[PDB]
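Chains as they are written, first to last, in the deposited numbering: chain R, 29 to 241, 268 to 339; chain B, 4 to 128, 133 to 340; chain G, 8 to 62; chain A, 12 to 64, 206 to 226, 229 to 255, 265 to 302, 305 to 394.
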Amino acid sequence: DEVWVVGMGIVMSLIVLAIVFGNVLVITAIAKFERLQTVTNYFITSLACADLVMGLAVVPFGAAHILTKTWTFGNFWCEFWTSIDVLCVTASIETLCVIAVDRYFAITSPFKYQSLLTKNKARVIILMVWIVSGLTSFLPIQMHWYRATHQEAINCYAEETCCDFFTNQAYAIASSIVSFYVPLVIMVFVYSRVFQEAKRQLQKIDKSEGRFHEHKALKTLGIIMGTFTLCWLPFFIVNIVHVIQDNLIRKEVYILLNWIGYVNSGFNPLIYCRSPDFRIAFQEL
Amino acid sequence: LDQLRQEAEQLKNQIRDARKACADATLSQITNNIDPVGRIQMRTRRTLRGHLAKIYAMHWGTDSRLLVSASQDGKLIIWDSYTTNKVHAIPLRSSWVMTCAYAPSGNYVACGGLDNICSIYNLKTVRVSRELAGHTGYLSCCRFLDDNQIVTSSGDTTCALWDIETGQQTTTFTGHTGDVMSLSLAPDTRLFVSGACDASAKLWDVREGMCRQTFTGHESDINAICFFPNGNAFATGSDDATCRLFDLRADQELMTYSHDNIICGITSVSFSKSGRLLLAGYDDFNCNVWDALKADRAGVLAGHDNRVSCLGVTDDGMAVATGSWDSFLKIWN
Amino acid sequence: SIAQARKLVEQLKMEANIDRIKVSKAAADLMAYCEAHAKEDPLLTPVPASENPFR
Amino acid sequence: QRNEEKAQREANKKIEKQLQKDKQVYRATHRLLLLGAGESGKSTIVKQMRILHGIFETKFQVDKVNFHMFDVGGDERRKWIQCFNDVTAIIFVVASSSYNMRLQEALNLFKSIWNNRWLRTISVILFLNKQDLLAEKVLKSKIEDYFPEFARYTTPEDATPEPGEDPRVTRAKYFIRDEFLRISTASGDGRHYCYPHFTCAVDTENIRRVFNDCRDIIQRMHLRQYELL
Ligand SMILES: Nc1nc2c(ncn2[C@@H]2O[C@H](COP(=O)(O)OP(=O)(O)OP(=O)(O)O)[C@@H](O)[C@H]2O)c(=O)[nH]1
Ligand SMILES: CN[C@@H]1CCc2c(ccc(O)c2O)[C@H]1O
């Protein structure tokens, strides 16, 4: 019991730090050295900033709510917390999709890649992504478009002591469709095309110069795809299933999946910043 | 003929014997009582941006105000060091360039490249004033004698002196075995030296046109050369890690600057105004400063990523500038 | 060319007739110049910030 | 004073706008270096090239892609190699028919050039001219008479011969390529590759071949950049 009270606290504390340290280091390395600054690294900065804001804002508040089992702050604080949570999550996922499509454009069409993406295009794309992220989260949650019709939900809004997440099915479906499924299918198609091109090139090399002489590609694509899919997949399936069938899932399962989805932001720089130049920059600091 | 080659050897043996007899004491031993300079720390004061590709060489203006830089992209840009603001940007017909110079009066700028032509530009009027042609090998360096005469060195062993109005080789200097890749001018206009691909570096007389001495201390290609501020000695930096300070009154070398750790070549050498500090670049991503009197290191200059291919010291001696294969410059003080 | 060998033969003779001064005089001259012009050098000693125009 | 400061600021502004503008033009074009031994036949190859549009520079554009060549006119150690470490590819021309008259000399350049500290990340597009003359000499000067390693290289294991006047000539064709490719495989960590081609004195798809080679090189570089290969 005392162990339950503490262990949860220590685990929560470690998760809050590691995220802050990693994201701050990535941001400082991007901003300091001029060698690392380029068009492809401007996309990493947005993801790092979004994950840093998420880890600094929503994670400790959720941990405090879980530990104390009571929301001391006001209702507007709860609304702001949920709003920024949804904002950060959707922004990070769309940034990942944008990175994937940019890599696809770089690989499949090399001659036109130099002109297509320019410091003007990157800023516009990132601003559009963040604007779509803001429109999806703040506008429908600041107002009461996310209210639920259940009597228990109404009693929940009435009592300001504790606030939980209660929404109608339509909003959940719309948010899940906008945030997860479309980026998922886009990433799947992009990486399938890239893998096919890599296989074709490897076959060409083997046929041309095989007498004298694809595991790496498989591992590289597999890590990136599997980590993201395993971290963010079950939560959205559960998000659909609780809305489609009332009184079917337990709140513990919901909070556990939402929390296991938060750790994904911690491991993003490890996957996406393993380049030797990044290693040299980190070692220099 | 068998006899001719031997006569040549006997003369070389006599010259070596005379040089050995002229030697009295080691140069390092003489300056043993000199108090050391100590640690020298200097930091980047300005950073200049605007180049696209790797730069090759630069030349400070006679006034401490301006400087000119050239890059492989094919543009000459005249910076203003104090306010880090550009002034002119002259495109070139040929992209590849390897040298540049700034006229003593400040009214002309010249640039020579891998194409076998030396061209001069007029600042105050820009357009090509005249094109100098006649060499059979790529240019390596060029300096302005005055507003009328320019002396150049080429990939062929010949070094020539031109006249701007006539555009013809007034005098031609021959005698080098291989390609010449260095040149410098004395504080006066009387003498100038050069260092070629062969280890030999000789001293030439402008008016007479006849070689006067030959120094062959090194054992690899020579990539840089400069004069002591007094004008009676000159230091050389070769492909081997050693940097040696020769002398003019006495033919033999005096001191060698080298270290066990360094195994990379030297691409540029320059002297401070007082001559106490010898500043030399390196093929690695660093620039090292030595002490000329006792061959003791002073400090390390860092902040370059690609290479260091150009270096110069302002006439008043207040600031020193470095170039790189990166697009960026740097000014140190 | 046989002549290039001939040309070298008189050239070495010409360069071998110059008088050679002992290293003591040259070393003394270099040391004297370096010691005399030490104050005028602005890189040897840290110049004041006010006098520095770059800063 | 302030007006002087104003003037300098305005000039810096015009220069910067134009420099940014040419940055895209500079980055768009691709640069190729052409190098070859004497009597190889590079002048004929440049003929179809000028058809598309001390130093001779050629500009040709195909399919809205800009290419620009650099032919350097020359037994000399070279100190101008360091200046050519930014090209996308190097075109190498070797006369296959010139064995009785120098081939060993050309290969001798290739290792020389293959192991420079500045050309580590540059791939080579290799051509073999004088294809027709090679058949005539083999079909009296034989390779065995001039070369002692000729034994056992007559047949290619993966040989895909075009209809050939001589099964025997197909033996001389693949012996030279094997000698050239033996050096390319030995050094480098895969950052640079060799692309062998067979071309007769009369050929038309040279531009297509070089276009395909450049596309392959850029695709391989981008694949290796993101750690997929
Ligand atoms: N049969 C035949 N003759 C060729 C072929 N290529 C070149 N030749 C001949 O060989 C000559 C030499 O090639 P050139 O094009 O003149 O080469 P170059 O300008 O001398 O260039 P370098 O190789 O650098 O000396 C040509 O003028 C042709 O007469 C070929 O494929 N077949
Ligand atoms: C409390 N955590 C929230 C709950 C529901 C939700 C999330 C993220 C994106 C959405 O579109 C959602 O509907 C989760 O981050």
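Ideal Cβ positions, reconstructed from N, Cα and C, are used throughout, including at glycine.
Since residue i is in the beta strand (DSSP E), which residue starts that stretch and which ends it?
i                    : result
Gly288 of chain B    : 284-288
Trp173 of chain R    : It is not in any beta strand (DSSP E) - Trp173 of chain R carries neither H nor E in the DSSP assignment.
residue 2 of chain A : Since the first residue of chain A shown is 12 and the last is 394, residue 2 of chain A is not available in this structure.
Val224 of chain A    : 217-224
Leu79 of chain B     : 78-83
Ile120 of chain B    : 120-125
According to DSSP, which residues form a beta bridge with residue i?
i                 : result
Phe241 of chain B : B:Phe234, B:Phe253
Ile244 of chain A : A:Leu44, A:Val287
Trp169 of chain B : B:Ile157, B:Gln176
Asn295 of chain B : B:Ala287, B:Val307
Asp323 of chain B : DSSP output for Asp323 of chain B lists no bridge partner at all.
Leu70 of chain B  : B:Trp63, B:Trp82
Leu139 of chain B : B:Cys121
Ligand 3 and residue i: does the residue's C-beta get closer than 7 Å to at least one heavy atom of that ligand?
i                : result
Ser51 of chain A : Within the structure as shown, ligand 3 is missing, the only ligands being ligand 1 and ligand 2.
Would DSSP call residue i helix, strand or coil?
i                      : result
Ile338 of chain B      : strand
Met215 of chain R      : helix
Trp99 of chain B       : coil
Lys305 of chain A      : coil
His54 of chain B       : coil
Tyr37 of chain A       : helix
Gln6 of chain B        : helix
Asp381 of chain A      : helix
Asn88 of chain B       : strand
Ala39 of chain G       : helix
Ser275 of chain A      : helix
residue 260 of chain A : Structure remark: chain A lacks residues between 255 and 265, so residue 260 of chain A is without coordinates.
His62 of chain B       : strand
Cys365 of chain A      : coil
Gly115 of chain B      : strand
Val315 of chain B      : coil
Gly37 of chain R       : helix
Is residue i near ligand 2, going by C-beta to nearest heavy atom under 7 Å?
i                 : result
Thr210 of chain A : no
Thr110 of chain R : yes
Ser204 of chain R : yes
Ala92 of chain R  : no
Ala200 of chain R : yes
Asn23 of chain A  : no
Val114 of chain R : yes
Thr100 of chain R : no
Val117 of chain R : yes
Could you check whether the Cβ of residue i sits closer than 7 Å to any heavy atom belonging to ligand 1?
i                 : result
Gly47 of chain A  : yes
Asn292 of chain A : yes
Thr369 of chain A : no
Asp229 of chain A : no
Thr55 of chain A  : yes
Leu270 of chain A : no
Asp381 of chain A : no
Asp186 of chain B : no
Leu296 of chain A : yes
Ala366 of chain A : yes
Check for me: the alpha helix (DSSP H) holding residue i runs from which residue to which?
i                 : result
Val317 of chain R : It is not in any alpha helix (DSSP H) - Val317 of chain R carries neither H nor E in the DSSP assignment.
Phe151 of chain B : Looking at the DSSP string, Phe151 of chain B is not in any alpha helix (DSSP H); the run it does join, the beta strand (DSSP E), is 146-151.
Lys209 of chain B : No alpha helix (DSSP H) contains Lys209 of chain B, which is instead part of the beta strand (DSSP E) from 208-212.
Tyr339 of chain A : 334-351
Checklist entry - Given a limit of 7 Å on CB to CB distance, which residues of the segment 124-141 of chain R reach chain A? => result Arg131, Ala134, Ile135, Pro138, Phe139
Item to check | Against chain A: residues of the segment 269-284 of chain R by CB proximity under 9 Å | outcome: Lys270, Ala271, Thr274, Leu275
Checklist entry - Looking at chain R, which residues of the segment 367-385 of chain A have a Cβ within less than 8 Å of any of its Cβ atoms? => result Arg380, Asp381, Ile383, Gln384, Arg385
Checklist entry - Just by C-beta distance, which residues in the segment 20-54 of chain B are closer than 7 Å to chain A? => result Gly53
Next on the checklist: Any C-beta of chain R within less than 8 Å: which residues of the segment 274-302 of chain A qualify?
Outcome noted: Listed by position, the residues of the segment 274-302 of chain A near chain R (Cβ gap below 8 Å) amount to none.
Item to check | Interface positions of the segment 170-181 of chain R facing chain A (Cβ-Cβ less than 8 Å), listed along the chain | outcome: Using a CB distance below 8 Å, no part of the segment 170-181 of chain R faces chain A.
Checklist entry - Which residues, in order along the segment 89-100 of chain B, keep a beta-carbon less than 9 Å from a beta-carbon of chain A? => result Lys89, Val90, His91, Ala92, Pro94, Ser97, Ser98, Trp99
Checklist entry - Relative to chain A, which residues along the segment 104-118 of chain R have a C-beta separation below 7 Å, given in chain order? => result Interface annotation for the segment 104-118 of chain R against chain A: empty, criterion Cβ-Cβ distance under 7 Å.
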